[PDB]
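Novice:
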Amino acid sequence: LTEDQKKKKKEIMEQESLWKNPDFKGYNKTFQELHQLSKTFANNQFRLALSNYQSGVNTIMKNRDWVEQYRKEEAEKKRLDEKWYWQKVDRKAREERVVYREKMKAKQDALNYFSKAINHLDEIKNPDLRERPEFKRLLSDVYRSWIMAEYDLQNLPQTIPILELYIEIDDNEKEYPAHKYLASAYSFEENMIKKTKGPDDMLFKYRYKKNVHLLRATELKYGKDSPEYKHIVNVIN
Amino acid sequence: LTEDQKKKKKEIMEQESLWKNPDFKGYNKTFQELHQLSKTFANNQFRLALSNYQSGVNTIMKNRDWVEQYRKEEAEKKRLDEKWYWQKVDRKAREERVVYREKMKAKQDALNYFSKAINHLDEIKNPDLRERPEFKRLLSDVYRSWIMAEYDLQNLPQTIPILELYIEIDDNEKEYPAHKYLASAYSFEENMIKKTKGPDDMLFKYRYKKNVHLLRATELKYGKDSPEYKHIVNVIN
Amino acid sequence: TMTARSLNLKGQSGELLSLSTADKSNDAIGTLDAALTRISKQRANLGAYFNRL
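Residue numbers (the deposited numbering), protein chains in the order written: chain DP, 55 to 291; chain ET, 55 to 291; chain DW, 167 to 219.
(1) Consult DSSP for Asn288(ET) and reduce its assignment to one of helix, strand or coil.
(2) Quick one: Cα of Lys234(DP) to Cα of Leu193(ET), how far?
(3) Determine the direct distance from the alpha carbon of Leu185(DW) to that of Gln212(ET), and round the result to whole angstroms.
(4) From the beta carbon of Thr113(ET), is the nearest beta carbon of chain DW less than 8 Å away?
(5) Taking its Cβ as the centre, do 16 or more other Cβ atoms sit within 10 Å of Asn291(ET), making it buried, or is it exposed?
(6) Run through DSSP, which three-state label would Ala96(ET) get?
(7) Provide the residue span of the alpha helix (DSSP H) that contains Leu257(DP), from first to last.
(8) Quick check on the burial criterion: 16 or more other C-beta atoms within 10 angstroms. Buried or exposed for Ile214(ET)?
(9) Quick check on the burial criterion: 16 or more other C-beta atoms within 10 angstroms. Buried or exposed for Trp140(ET)?
(10) Does any residue of chain DW have a CB that is nearer than 8 Å to the CB of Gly252(ET)?
(11) If I'm right that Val153(ET) touches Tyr197(ET) with Cβ under 8 Å, what's the distance once you round it to whole angstroms?
(12) Could you tell me the distance, in whole angstroms, from the CA atom of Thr56(ET) to the CA atom of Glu273(ET)?
(13) Could you tell me whether the Cβ of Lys137(DP) comes closer than 8 Å to any Cβ of chain DW?
(14) Helix or strand or just coil, what does DSSP make of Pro76(ET)?
(15) Tell me which same chain residues have a C-beta within less than 6 Å of the C-beta of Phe242(ET), skipping the five on either side of it?
(16) Out of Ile66(DP), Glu65(DP), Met256(DP), which one is the CA nearest neighbour of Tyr240(DP)?
(17) Are there 16 or more other CB atoms within 10 angstroms of the CB of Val111(DP), so buried, or fewer, so exposed?
(18) Name the residue from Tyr262(ET), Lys251(ET), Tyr230(ET) whose alpha carbon lies nearest to the alpha carbon of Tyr276(ET).
(19) Give the C-beta separation of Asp189(DW) and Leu175(DW) to the nearest angstrom, bearing in mind that I take them to be a contact with Cβ-Cβ under 8 Å.
(20) With distance defined between alpha-carbon atoms, name the residue in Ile286(ET), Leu104(ET), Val289(ET), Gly80(ET) nearest to residue 33(ET).
(21) Counting beta carbon pairs with one atom in the segment 91-102 of chain DP and one in the segment 182-189 of chain DP, are three or more of them shorter than 8 Å?
(22) If the cut is a Cβ gap below 9 Å, which residues of chain DW does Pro215(ET) touch?
(23) In chain DW, which residues lie less than 9 Å from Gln212(ET) when you measure between Cβ atoms?
(24) Using C-beta distances below 8 Å, list every residue in its chain close to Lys157(DP), excluding the 5 sequence neighbours before and after it, in chain order.
(25) If you draw a straight line from the C-alpha of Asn245(ET) to the C-alpha of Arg151(ET), how long is it?
(26) Can you find the residues in the same chain that come closer than 7 Å, C-beta to C-beta, to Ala271(ET), ignoring five residues on each side of it along the sequence?
(27) Under 7 Å between beta-carbons, which chain DP residues line up against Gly177(DW)? List them in chain order, please.
(28) Examine chain DW for any beta-carbon lying closer than 8 Å to the beta-carbon of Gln208(ET), and answer yes or no.
(29) Count the other CB atoms, across all protein chains shown, that sit within 10 Å of the CB of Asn226(DP); report buried if there are 16 or more and exposed otherwise.
(30) Could you tell me the boundaries of the alpha helix (DSSP H) in which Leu183(ET) lies?
(31) Within its chain, find whatever has a CB closer than 7 Å to the CB of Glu128(ET); leave out the 5 residues flanking it on each side and keep chain order.
(32) Along chain ET, in chain order, which residues have C-beta atoms closer than 9 Å to that of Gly196(DW)?
(33) What does a CB cutoff of less than 8 Å around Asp195(DP) pick up in its chain, not counting 5 residues either side in sequence?
(34) By how many angstroms is the C-alpha of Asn75(ET) removed from the C-alpha of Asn166(ET)?
(35) Taking 8 Å as the CB-CB cut-off, is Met67(ET) touching chain DW?
(36) Where do the N-terminal and C-terminal ends of the alpha helix (DSSP H) with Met168(DW) fall, by residue?
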């Protein structure tokens with residue numbers, strides 16, 4: 055490969071890791087680095103923004119622990135009224151829907167915290183501070199967790215304004231997962247217009263934006279005028 | 055014979071004795087050793103577990119005495135209304151049914167006591183105490199009597215989880231009768247699926263487990279690569 | 167009251183997806199009388215209590 059392709063391969067893997075579903079090692083790594091930003095910045099509103107973000111991520115982490123425990127407790131029940139396939143489907147429908155609704159509440163609590171993290175960053179008015187890598191990386195991590203929290207629950211239309219704000223920050227536009235999620239969320243919205251028989255202007259708007267971010271994700275991961283890019287060229291036409 | 059074959063012959067005979075139907079000499083030996091172990095153990099919940107186990111075995115022993123006395127009293131009756139062969143067959147079936155019903159109740163009372171013996175052993179929470187030879191000896195004796203109480207009444211499917219818990223304790227897995235009973239009970243369950251035209255997954259599950267414990271019992275009593283081991287392996291494969 | 171108010175017997179010899187079976191049929195019938203008896207008495211206790219009030 056070229057020196058740029060080898061560099062690119064490394065970067066795409068780091069970006070996929072960056073967007074990894076949260077776990078305890080990633081939690082630790084994340085709060086090491088986000089706290090590193092607090093170190094240099096020494097700003098009480100940034101500190102408060104991080105305190106709220108961390109509480110939001112903790113909501114998500116505690117929920118993941120709840121989901122395993124709940125499913126465990128259900129698995130460990132004796133099911134003597136489960137002699138039919140439909141009864142197994144019944145009890146399955148009971149389990150999953152309670153889990154989804156509890157995850158919905160955890161998402162809302164996590165987004166109330168993320169909203170507070172943003173409201174505290176909004177209070178940093180000095181443009182010399184708002185342009186700091188410390189400001190931008192924290193704001194990026196708040197948006198990323200916000201996007202992922204909604205994505206997991208299939209709330210794809212809601213992810214668009216946050217993905218768009220995300221890619222505007224400090225070269226986030228060069229992140230392959232950011233364009234993949236934008237393209238997928240736009241695809242959903244295009245399909246919503248086709249299913250609900252909505253206006254053509256919105257059909258084409260959503261289709262266009264899907265193709266833009268499909269094309270950019272492809273360019274970023276494989277390189278422009280690669281066999282994979284060249285394929286997308288004719289498909290979007 | 056080799057030192058291993060002589061040792062094996064000795065051990066199989068001791069294991070067959072270990073699973074001998076209860077009688078007064080075995081009762082005496084068993085409880086004299088359990089009480090000495092209880093004094094060494096010095097654990098009130100072990101003492102209580104033993105008190106209940108012994109009450110359960112006493113239920114079984116008292117029942118065996120009842121069955122002889124009942125059959126004796128019936129044999130000694132003059133039967134003026136037994137003039138036809140079909141009457142003799144009917145009356146014979148009536149005797150056997152009364153004996154079976156009383157043995158069923160004795161089993162139920164004996165298992166309530168064994169369940170209490172287990173519930174008391176469950177209250178020994180310290181892992182350094184649960185690993186005591188005294189703890190494992192009593193727990194093994196409770197499961198063994200429980201398995202036998204059900205086995206005698208042909209309640210073979212019910213013996214499986216208890217046999218499985220039994221073989222997990224202190225090298226019980228190396229006992230030939232334990233694998234013989236597992237293989238026989240699994241065979242019964244396979245036959246139930248074949249007679250009731252049940253699902254294939256359960257047919258093969260039960261057949262598989264029968265073959266595993268059939269071969270393992272064979273290996274344990276006759277040795278690996280014995281004419282008997284080689285035969286069972288060739289039949290199964 | 168809860169299901170463990172009586173001897174909570176379900177299922178029967180043959181194919182199951184559980185690991186439990188019912189006991190002596192005659193006692194299972196007797197058990198249901200016990201179940202009804204235990205709760206009927208509790209209801210009557212409330213009934214009687216209502217009359218006290």
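Cβ coordinates follow ideal geometry from the N, Cα and C atoms, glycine included.
Specialist: On the basis of the data shown:
(1) helix
(2) 59 Å
(3) Computed Cα separation, rounded: 7 Å.
(4) no
(5) exposed
(6) Correct three-state label for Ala96(ET): coil.
(7) Segment 254-276, the alpha helix (DSSP H) holding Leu257(DP).
(8) buried
(9) exposed
(10) Yes, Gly252(ET) lies at the interface with chain DW (some Cβ there is under 8 Å from its Cβ).
(11) Taking the Cβ atoms as the reference, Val153(ET) lies roughly 26 Å from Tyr197(ET), outside the contact range of under 8 Å.
(12) As the crow flies, the alpha-carbon of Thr56(ET) is around 16 Å from that of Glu273(ET).
(13) yes
(14) coil
(15) Once the five neighbours on either side are set aside, the close Cβ partners of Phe242(ET) are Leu210.
(16) Distance check between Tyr240(DP) and each of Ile66(DP), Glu65(DP), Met256(DP) places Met256(DP) closest, using alpha-carbon atoms only.
(17) buried
(18) That would be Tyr230(ET), whose Cα lies nearest to the Cα of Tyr276(ET).
(19) 6 Å
(20) Lying outside 55 to 291, the shown extent of chain ET, residue 33(ET) is not represented and no answer is given.
(21) yes
(22) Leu185
(23) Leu185, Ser186, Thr187
(24) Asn117, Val121, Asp206, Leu207
(25) 25 Å
(26) Beyond the five residues adjoining it in sequence on each side, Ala271(ET) comes within less than 7 Å, by CB distance, of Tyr230, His233, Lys234, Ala237 in the same chain, given in chain order.
(27) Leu134
(28) no
(29) Burial call: buried.
(30) 181-184
(31) Counting only residues of its own chain and dropping the five nearest sequence neighbours on each side, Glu128(ET) has a CB closer than 7 Å to the CB of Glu149.
(32) Those do not exist, as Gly196(DW) stays about 12 Å from chain ET at its closest Cβ, beyond 9 Å.
(33) Here the set comprises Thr84, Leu88, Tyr107.
(34) So the alpha carbons of these two residues sit roughly 20 Å apart.
(35) no
(36) Segment: none, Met168(DW) is in no alpha helix (DSSP H) and carries neither H nor E.
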